[PDB]
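Participant: Going down the list, the protein sequences come from chains B, A, D and F. FYI, the numbering for the first sequence is 29 to 229, 263 to 342, 1002 to 1055, 1058 to 1161, going by the deposited numbering. FYI, the numbering for the second sequence is 29 to 230, 263 to 342, 1003 to 1161, going by the deposited numbering. FYI, the numbering for the third sequence is 2 to 120, going by the deposited numbering. FYI, the numbering for the fourth sequence is 1 to 119, going by the deposited numbering. The C-beta atom is built at its ideal place from N, Cα and C for all residues, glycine as well. Have a look at this one.
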Amino acid sequence: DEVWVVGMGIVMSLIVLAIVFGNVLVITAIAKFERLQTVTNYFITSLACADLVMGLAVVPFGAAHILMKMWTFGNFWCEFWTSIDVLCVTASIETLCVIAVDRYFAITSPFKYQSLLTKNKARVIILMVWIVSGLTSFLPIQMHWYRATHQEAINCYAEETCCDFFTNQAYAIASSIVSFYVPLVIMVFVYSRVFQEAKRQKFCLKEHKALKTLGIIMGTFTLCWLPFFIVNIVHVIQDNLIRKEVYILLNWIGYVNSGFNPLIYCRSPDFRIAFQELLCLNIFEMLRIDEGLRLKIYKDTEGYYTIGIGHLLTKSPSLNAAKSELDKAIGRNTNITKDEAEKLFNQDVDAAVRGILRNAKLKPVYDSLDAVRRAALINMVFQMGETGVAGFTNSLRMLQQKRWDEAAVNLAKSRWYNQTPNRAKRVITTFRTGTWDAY
Amino acid sequence: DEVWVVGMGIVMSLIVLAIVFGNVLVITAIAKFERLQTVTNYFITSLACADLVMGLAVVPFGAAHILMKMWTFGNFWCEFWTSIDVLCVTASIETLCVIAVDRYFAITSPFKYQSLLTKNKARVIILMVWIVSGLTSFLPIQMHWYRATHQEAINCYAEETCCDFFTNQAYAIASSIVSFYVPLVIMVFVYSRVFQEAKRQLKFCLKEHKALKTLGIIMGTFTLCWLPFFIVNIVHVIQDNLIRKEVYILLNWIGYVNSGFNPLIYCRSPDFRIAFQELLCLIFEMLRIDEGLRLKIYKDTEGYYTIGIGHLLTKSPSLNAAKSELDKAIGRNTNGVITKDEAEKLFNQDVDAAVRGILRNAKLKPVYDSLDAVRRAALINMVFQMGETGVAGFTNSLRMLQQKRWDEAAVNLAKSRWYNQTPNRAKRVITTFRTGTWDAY
Amino acid sequence: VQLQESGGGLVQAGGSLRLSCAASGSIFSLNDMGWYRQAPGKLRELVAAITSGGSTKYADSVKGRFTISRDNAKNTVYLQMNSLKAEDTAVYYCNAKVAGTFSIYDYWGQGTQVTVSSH
Amino acid sequence: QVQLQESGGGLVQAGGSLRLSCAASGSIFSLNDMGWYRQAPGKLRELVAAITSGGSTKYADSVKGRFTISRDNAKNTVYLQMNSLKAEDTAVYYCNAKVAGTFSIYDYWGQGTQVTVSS
Ligand SMILES: CCCCCCCCCCC(CCCCCCCCCC)(CO[C@@H]1O[C@H](CO)[C@@H](O[C@H]2O[C@H](CO)[C@@H](O)[C@H](O)[C@H]2O)[C@H](O)[C@H]1O)CO[C@@H]1O[C@H](CO)[C@@H](O[C@H]2O[C@H](CO)[C@@H](O)[C@H](O)[C@H]2O)[C@H](O)[C@H]1O
Ligand SMILES: CCCc1ccccc1OC[C@@H](O)CNCCCc1cn(CCCCc2ccc(OC[C@@H](O)CNC(C)C)cc2)nn1
Ligand SMILES: CCCc1ccccc1OC[C@@H](O)CNCCCc1cn(CCCCc2ccc(OC[C@@H](O)CNC(C)C)cc2)nn1
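Written as structure tokens, this is what we have:
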């Protein structure tokens, strides 16, 4: 079995390194770049510190404990080793939901995705999260509240060679609830409305994709620790069928989660550019999703000189004629900024909404639609013009008649649905459902 | 001598009687009257339900124990009686601490006194507080986690006729902290910043700003009533039994009679006081304090017809001229009476005057920008009351104010002809001039 | 806080119209809303009230002929009177209830008049 | 989704004074950092003054003592008071907003506004 010993040594040692390596990579990136100084990043920084202290002060000694099949560091470190262990786990689950609540108050604020907290206010919150979860994790252990009274524990408590965590089931459940389930339940509830409010006002916008990353951070965390925490309240409510080979194995599922977050953060483009440098390497929203933004002059799907969020600068092939009116609209001679591309969009959209109301074939249709399917109509008038949207009266009156499923089968036969099918299907599917499920 | 035992029985019966009476009265008002359906009052309610449970379920049995010199109800009620006792004290401070935080999110929002909570959200928070408070009170006692291990505790736990609350040193501290001190100092901290953001955004003269003071008194007494008990609890647990039990039982009864005190602190509010009386068979905001508000034509100190928030109607003495100007100002035939919406529509217009009329008045514009925001209003007040006619007509203090000689500027205006006609409003604004603060409003 | 009505016109009997009201100074989300009318020689009367949660109450004399509604995004409340009768002629006022610490407060707009014209 | 609008530029003789002002909308202006940049002809876009949401202010060395950046959160506006003007200060001046989102901070610029000085 000496093959098993050395082979597990390399895996555990690899695990310990991946934790320390990736988490320090996060702490460094948020500390370097000013672009990354956000309140959410400050919570992620402390979240990384929890995983970092895991990889330094916890996972190693637990790796040494297993392959040596015995505890080596005396009794004092034993009480401390498991207090730091609980301190890290409780601080993460609390911090993960101080994010979910901070994300909630933000999506109900003028700038969705903008935290309402001061950078120094966010610091204090993190300071108390560690100050509180430290009290509720060290005091019960340093004061012996966890301890059991069966001789098998009283002996292990006496020998400085045994460091198994025998606990009276009062501790085992009480601490399991206050420090895991209670924050976990709040988190899953609070952040769920966050996701809902995000589409009411899927997962295509940049900061929307960021919230699904915050979700995946929470998600993998619960999935890695819930088996450990589930089969330990049953293990006390029903007498033990949980053999110790399994309890420490499900706990190591919780240990490796500390290496997961740096990987997950590579879903944000903002974090990858930081990592790569560190290693020497709503109607308006709906249309930005499927029109894209480009700050120069480019050829579109039909070959015309467009710019920004799908603004046709001209139909002529001469780029001289494209610039000719590109600078006629900005104000200067642009020969445009992201802010210039923005106010040309807000002025092109209103032109398409008045262009809907000055059409007697579209206005009665646009009048009877909800907020969402109106936006679906304006997306067609934007991409085409009111003259072409007056085309399929068949579909135009099917929408008015509130025969959504019928109107959705006719629209998918238009030439529109096969020259830009991926975008067409998104406008037709929101016609069908009245929701934003596709955007 | 049995004279003492029947004397306290009468005194204790009334204490229980007062508690139950005044708190059924409070709960009734907030439920009957539609004006009182504030989220702040839904907290007032459960605060009174926590006081009602004490009056019924707790306090009387603690009275029987003292007079009977023993516990006669068995050990089941004995552990139930106390788990209820601590449920009412923890569910309270946890609500008095939610009020202080709710009033903080109210004074940082446009309407300075509007809760950001729904009624429904307000009352799931109440349900939560009671659930949570119960599980951090009933569970550690019904599960015997409080139990001490010295012999006296053990012998008292075994007598059906002994119901002292012997506790282990860990529970006594971990309970007092989590159930009392933590919500106490969050409250004392968060609410003190509610009080100053009020005095900042302009003491205790506005109606609602007295309501905040009324809440502060509720907390203020609650702390003082329950704090001596909770301090001597900690000094005994940590050191040794230097606290007697008759002093511990008296300091405890101070927090007991607190349950009957809130309903009369509520008589400070005109809202509860008129509600109880029916149940029982019976610069903008600176000038609004100093002017008042009247919905009918009245005569000011100097005899001029005025309406609304100190809005002059005419220098003429013919009431018909006052009504005629008022109808032209409001745009309908008032016959001398207007509405509050119209009165402060005029007031908003009339304040705009008092600032533009000092933008254009001789040497009295440089003194305006020579002073700070809290003294700018203290002079816009004098203009509003007297125009740029008279406040420009005493340059002795105007130069004194420009030269920042305020201790002098304040003695001159104390002799001014204006001082002797409106003395109290004269010195509130004189102090606003001298101390450069909102201390008088 | 301040209220701002709009939408009063002369209508033949059986016709229809809608009323609007903008508001400032509170969180329109949290305030109950409703319209009141007062015809000369008649006292002020509740016509329709939309509570903050969205419940609706309508006067019996106008039930099934009036729809109060709100849009908390635009800070406004709407009333679609249809099937107007000669009796409905009155001055309509916009009411907003804004809760304070211990009590709830009333606020009204300046007013609008509706008058149904017989033949 | 936020917008910026400069105002208050043009000409003035040397030693003159100007007050450029920028109004922002789309975010909590209280929690945003604010700053002014200028692009003189034949030069690159340089910072002149920045105010952080905490109040701290740095200035371009060329404009230190002459310009004062300041903030008014009540009106969602930030002010550059250009004093003791010199002909070198001739540039299109820009208003910048730094709004923090989830994982990153976003930059937001105004259209710009011209300031010509005469020796
Ligand atoms: C509002 C807030 C209140 C908060 C709670 C206040 C904290 C105090 C509670 C701490 C607490 C449970 C903790 C439960 C988990 C909760 C923590 C989770 C924290 C969150 C993350 C453990 O308390 C600890 O018990 C240990 C015993 O092993 C002991 O450990 C060490 O002791 C040795 C040297 O100290 C040493 O040999 C060795 O090292 C350990 O043995 C500790 O010294 C002792 O403090 C109390 O446990 C209760 O203790 C009671 C003893 O009488 C006991 O009652 C029994 O006796 C009764 C007649 O006497 C009888 O009538 C009952 O029938 C009977 O059962 C209860 O059954 C038991 O449950
Ligand atoms: C129950 C709540 C735990 C917890 C709460 C909050 C936040 C975070 C929490 O956890 C964090 C984990 O990272 C803890 N790591 C495990 C200890 C460190 C440790 C592991 N090893 C391996 C030896 C295991 C053998 C053993 C088997 C049974 C034992 O007794 C069972 C019972 O006494 C404990 N009950 C639990 C099942 C709930 C004791 C030891 N020896 N010492
Ligand atoms: C530890 C914090 C308690 C608490 C927590 C949360 C919220 C609210 C809390 O409080 C509730 C008050 O309503 C106090 N009620 C208890 C007395 C009610 C009572 C009276 N009686 C009989 C006579 C009591 C005389 C006596 C004196 C000392 C005793 O010894 C106990 C010893 O442990 C002292 N330590 C304590 C200070 C923690 C026992 C009895 N038996 N029970």
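If you reduce the DSSP assignment to three classes, tell me which class A:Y132 lands in.
Facilitator: It is helical.
Participant: Just the C-alpha distance for D:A24 and B:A198, rounded to the nearest angstrom, thanks.
Facilitator: Spanning the two alpha carbons is a distance of roughly 55 Å.
Participant: So, at 8 Å on beta carbons, what are the nonlocal neighbours of A:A1134 in its own chain, with the 5 sequence-adjacent residues on each side left out?
Facilitator: Taken in chain order, the residues that qualify are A1146, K1147, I1150.
Participant: Contact criterion: CB-CB distance below 8 Å. Does B:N69 meet it with respect to chain F?
Facilitator: Taking Cβ atoms only, chain F reaches closer than 8 Å to B:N69, which makes this a yes.
Participant: Using a Cβ-Cβ cut-off of 8 Å (strictly less than) and excluding sequence neighbours within five positions of B:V1087, which residues of its own chain qualify?
Facilitator: Same-chain partners within the cutoff: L1099, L1118, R1119, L1121, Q1122.
Participant: Counting only the same chain and skipping the five closest in sequence on each side, list residues whose C-beta sits under 6 Å from that of B:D1089.
Facilitator: Nothing listed; no residue qualifies.
Participant: Does A:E30 come within less than 8 Å of chain D when only Cβ atoms are used?
Facilitator: Judged by the 8 Å Cβ criterion, A:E30 is not in contact with chain D.
Participant: Have a look at B:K305 and B:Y132 and give me their C-alpha separation to the nearest angstrom.
Facilitator: Those two C-alpha atoms are separated by around 41 Å.
Participant: Could you tell me the boundaries of the alpha helix (DSSP H) in which B:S1117 lies?
Facilitator: Taken as a continuous stretch (DSSP letters only), the alpha helix (DSSP H) holding B:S1117 covers 1115-1122.
Participant: Return yes when at least one heavy atom of ligand 5 lies under 7 Å from the C-beta of B:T195, else no.
Facilitator: Ligand 5 is not part of this structure, which contains only ligand 1, ligand 2 and ligand 3.
Participant: Can the beta-carbon of B:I121 be found closer than 8 Å to that of B:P288?
Facilitator: Contact: no.
Participant: List, in chain order, every chain D residue whose beta-carbon is nearer than 7 Å to that of A:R1014.
Facilitator: Under the 7 Å cutoff, chain D gives no residues; its nearest Cβ is about 18 Å from A:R1014.
Participant: A:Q65 versus chain D: which residues are under 7 Å apart at the beta carbon?
Facilitator: Correct list: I105.
Participant: Consider the Cβ of D:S27: report whether some Cβ of chain A lies at a distance smaller than 8 Å.
Facilitator: So, interface residue.
Participant: Under a three-way DSSP split, which group does F:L44 fall into?
Facilitator: Correct three-state label for F:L44: coil.
Participant: Need the endpoints of the beta strand (DSSP E) that F:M34 sits in, please.
Facilitator: 33-39 is the span of the beta strand (DSSP E), which, as asked, contains F:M34.
Participant: Along chain A, in chain order, which residues have C-beta atoms closer than 7 Å to that of D:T57?
Facilitator: Per Cβ cutoff of 7 Å: no residues; D:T57 is ~17 Å from chain A at best.
Participant: In its own chain, which residues sit with a C-beta less than 6 Å from the C-beta of A:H296, not counting the 5 before and 5 after it?
Facilitator: So the qualifying residues of the chain are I303.
Participant: Which of the three DSSP states, helix, strand or coil, is assigned to A:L1015?
Facilitator: Looking at A:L1015 - three-state DSSP - the assignment turns out to be strand.
Participant: Using a C-beta cutoff of 8 Å, does D:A100 count as contacting chain A?
Facilitator: Answer yes: the Cβ-Cβ gap between D:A100 and chain A drops below 8 Å somewhere.
Participant: If the cut is a Cβ gap below 8 Å, which residues of chain F does B:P138 touch?
Facilitator: Chain F residues near B:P138: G26, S27, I28.
Participant: Using 8 Å as the Cβ pair cut-off and three pairs as the minimum, do the segment 4-14 of chain F and the segment 98-111 of chain D touch?
Facilitator: Counting Cβ pairs under 8 Å, fewer than three are found: no touch.
Participant: Measuring CB atoms only, is the segment 78-96 of chain F touching the segment 35-45 of chain F, in the sense that at least three cross pairs come out at less than 8 Å?
Facilitator: Yes, they touch.
Participant: Once DSSP output is grouped into helix, strand and coil, what is the label at D:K58?
Facilitator: Strand at D:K58.
Participant: Do three or more CB pairs link the segment 1060-1076 of chain B to the segment 1026-1034 of chain B at distances below 8 Å?
Facilitator: Contact between the segment 1060-1076 of chain B and the segment 1026-1034 of chain B is present, because at least three Cβ pairs lie under 8 Å.
Participant: For the beta strand (DSSP E) containing B:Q299, list its first residue and its last residue.
Facilitator: Neither: B:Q299 is in no beta strand (DSSP E) and is coded neither H nor E.
Participant: At 8 Å on the CB atoms, spell out the chain A contacts of D:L31, in chain order.
Facilitator: Within chain A, the residues near D:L31 are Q142, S143, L144, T146.
Participant: Based on the DSSP output, what are the partners of F:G10 in its beta bridges?
Facilitator: BP columns for F:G10 point to F:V115.
Participant: Near F:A91, which residues of its chain fall below 7 Å by C-beta distance, leaving aside the five closest residues on each side in sequence?
Facilitator: Same-chain partners within the cutoff: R38, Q39, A40, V115.
Participant: Using a Cβ-Cβ cutoff of 7 Å, what residues of the segment 312-339 of chain B are near chain F? List them in chain order.
Facilitator: Here the close residues are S329, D331, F332.
Participant: List the endpoints of the continuous beta strand (DSSP E) containing D:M82.
Facilitator: Start and end: 77-83.
Participant: Beta-carbon of D:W109 versus every beta-carbon of chain A: anything under 8 Å?
Facilitator: Yes, because at least one Cβ of chain A sits closer than 8 Å to the Cβ of D:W109.
Participant: For D:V2, would you say it is in contact with chain A, using Cβ-to-Cβ distances shorter than 8 Å as the test?
Facilitator: Yes, D:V2 lies at the interface with chain A (some Cβ there is under 8 Å from its Cβ).
Participant: For chain D, is any of its Cβ atoms less than 8 Å away from the one on A:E1005?
Facilitator: No - not a single Cβ of chain D is within 8 Å of the one on A:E1005.
Participant: Which bits of chain F does B:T1059 rub up against, with CB to CB less than 8 Å?
Facilitator: Those within 8 Å of B:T1059 in chain F are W109.
Participant: Can you pull the chain F neighbours of B:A271, defined as C-beta to C-beta under 7 Å?
Facilitator: Per Cβ cutoff of 7 Å: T102, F103.
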